[PDB]
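One chain comes next, on its own, written out as structure tokens in the form deposited in one PDB entry.
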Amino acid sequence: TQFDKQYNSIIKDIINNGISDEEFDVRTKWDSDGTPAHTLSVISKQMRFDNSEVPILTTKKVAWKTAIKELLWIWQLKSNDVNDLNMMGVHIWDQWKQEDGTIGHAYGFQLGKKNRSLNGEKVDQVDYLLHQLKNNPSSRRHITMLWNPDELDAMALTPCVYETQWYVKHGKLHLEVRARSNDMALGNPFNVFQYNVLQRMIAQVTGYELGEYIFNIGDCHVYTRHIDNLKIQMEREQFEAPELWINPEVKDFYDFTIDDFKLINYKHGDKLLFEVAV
């Protein structure tokens, strides 16, 4: 399957055929020097996997544990409170916390709203999805959406991976996800691994085998100063994918904890430091 091979192909396309945003007055700067941080981009890319391997990069280490913590905060706890994430030892969302400690009506807040009728009760997007995957498998509407048009102005940030659609065919659960934009050096490897974990989780609790995993990206971009590191990274040895052990005893989506996941035999290349933009 291999994520290293697909990722390298998309990166080489951006480097070779990407379009620069030098024409625009960009709002991002390099923190080492205050100069404008420009990117090269391409539109509409897709990565697809058969699930014979965990989609994880071996040419650099992906921060797999943090990826799963963030997934749990959004999908399982359905929280918009950065303090819950701090308690899991995660600090990457601190910059976005509002005066009240939350990120607004974004991400987990959207997955927690009880806005769907089911069995005469009001349930959220997640519980609705869980029920429908088991009881109405052939549905052409198994979708979750974080891009709520009525609440965009109340979000501290708008989500990048904002939707999923699921399909059940012949006992297999297929997942397709979309990101409206992705920084290919820093965000993409993290997001691709993270949603595959979500697919393995839900398939386990709904009773299905793993189908295909498809990850779509609208604006694929890489910052110009990251290009040197990406070129090094593309010449590195690629290892065999590691195994992801997920505790077999978990039967309920809300019972999973960070200790129920383990990556076995994860070999990867040395650390590359990427200049910060923001």
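Numbering starts at 1 and follows the sequence shown. Basically, rigid core = biggest C-alpha set you can superpose within 1.5 Å across the two forms.
Taking the mean C-alpha B-factor of each stretch as recorded, 251-259 and 5-13 are not equal, and the higher mean is that of 251-259. For the two regions 175-183 and 98-106, the entry's Cα B-factors average higher over 98-106. The maximum CA B-factor among the listed residues 150, 127, 163, 84, taken from the PDB record, is found at 84.
Comparing the listed residues 51, 224, 66, 35, the entry records the largest Cα B-factor for 35. In this PDB entry, the Cα temperature factor of residue 233 sits in the top third of its chain's modelled residues, the highest group. Sorting the modelled residues of the chain by their CA temperature factor places residue 26 in the highest third. Per the deposited record, the Cα B-factor of residue 214 falls in the lowest third when ranked against the other modelled residues of its chain. Compared with the other modelled residues of the chain, the Cα B-factor recorded for residue 135 ranks in the middle third. Compared with the other modelled residues of the chain, the Cα B-factor recorded for residue 91 ranks in the highest third.
We do not show the form deposited in another entry, though everything after this point is about it.
Core-superposed comparison between this form and the one not shown: among 28, 247, 46, 41, the single residue whose C-alpha moves by 2 Å or more is 28.
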